[PDB]
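Cβ: placed from backbone, ideal geometry, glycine included. Neighbour counts: every protein chain shown. Just so it is clear, none of the values below were taken in a lab; they were calculated from the coordinates.
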Amino acid sequence: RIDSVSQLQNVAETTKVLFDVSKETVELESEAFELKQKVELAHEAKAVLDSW
Amino acid sequence: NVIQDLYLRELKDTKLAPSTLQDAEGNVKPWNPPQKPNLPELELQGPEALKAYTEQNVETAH
């Protein structure tokens, strides 16, 4: 029974860490969207400029 | 001699051939702007999801 209990003890603290970490990561991707629109604008501009 | 004759004739009688910037525009891709700045939708906003999740998965860790 002690063996069963021990696995769960270590989990209880560390899982709270991942829970936070995952949501923290999701925030970073929001900011990545801002980059994506920047990437697009440049590409379009370069293409027209190439045509010119 | 002939060099001079050609040089003179060529340069003088037409330097450049006609060109128009307006005509160029049709044949090249025009700049067009990206549509929407966009804002990401508020993902899993509020405890509506949480209350649902706690109930939905009350699943223990074995």
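When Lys and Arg each count +1 and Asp and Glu each count -1, what net charge do the other residues less than 15 Å away from A:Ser30, Cβ to Cβ, add up to?
So the environment of A:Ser30 carries a net charge of -4.
Please report, in debye to the nearest 20, how large the charge dipole of chain B is about its Cα centre when each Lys and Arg carries +1 at its beta carbon and each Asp and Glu carries -1 there.
460
Which net charge results for the neighbourhood of A:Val21, defined as the other residues with beta-carbon distances under 14 angstrom from its beta-carbon, given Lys and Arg at +1 and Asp and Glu at -1? Present the calculation step by step, with values, prior to reporting the outcome.
On the way: positive: A:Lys16, A:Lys23; negative: A:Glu13, A:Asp20, A:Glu24, A:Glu27, A:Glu29.
Taking every other residue near A:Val21 into account, the sum is -3.
Around B:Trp31, under 15 Å between beta carbons, what's the net of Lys plus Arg minus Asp minus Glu among the other residues?
-2
For every helix of n ≥ 4 consecutive DSSP H residues, a contribution of -39,500 (n - 2.57) applies; sum these over chain B, divide by its total residues, and give [θ] at 222 nm rounded to the nearest 500 deg cm²/dmol.
Working: 3 runs with 27 residues, N = 62.
Here the helix-only value at 222 nm equals -12500 deg cm²/dmol.
Once the piece of chain linking B:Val58 and B:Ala24 is laid out straight, how much longer is it, given 0.36 nm per residue of separation minus the C-alpha distance between them? Walk me through the intermediate numbers first.
Details: separation 34, 0.36 × 34 = 12.24 nm, distance 6.74 nm.
Length difference between fully extended and current span is 5.5 nm.
Taking the Cα centre of the protein assembly as shown as origin, work out the dipole magnitude from +1 charges on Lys and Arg Cβ and -1 charges on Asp and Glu Cβ, in debye rounded to 20.
It works out to roughly 400 debye.
Treating cross-link reach as a plain straight distance, find the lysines whose alpha-carbon is under 28 Å from the alpha-carbon of A:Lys36, omitting any fewer than eight places away in the same chain.
A:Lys23, A:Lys46, B:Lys29, B:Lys36
Choose one of B:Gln45, B:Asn32, B:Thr20: the residue whose Cα lies farthest towards the positive end of the charge dipole of chain B (beta-carbon charges +1 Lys, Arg; -1 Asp, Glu; about the Cα centre).
Among B:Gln45, B:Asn32, B:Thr20, the one farthest towards the positive end of the dipole of chain B is B:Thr20.
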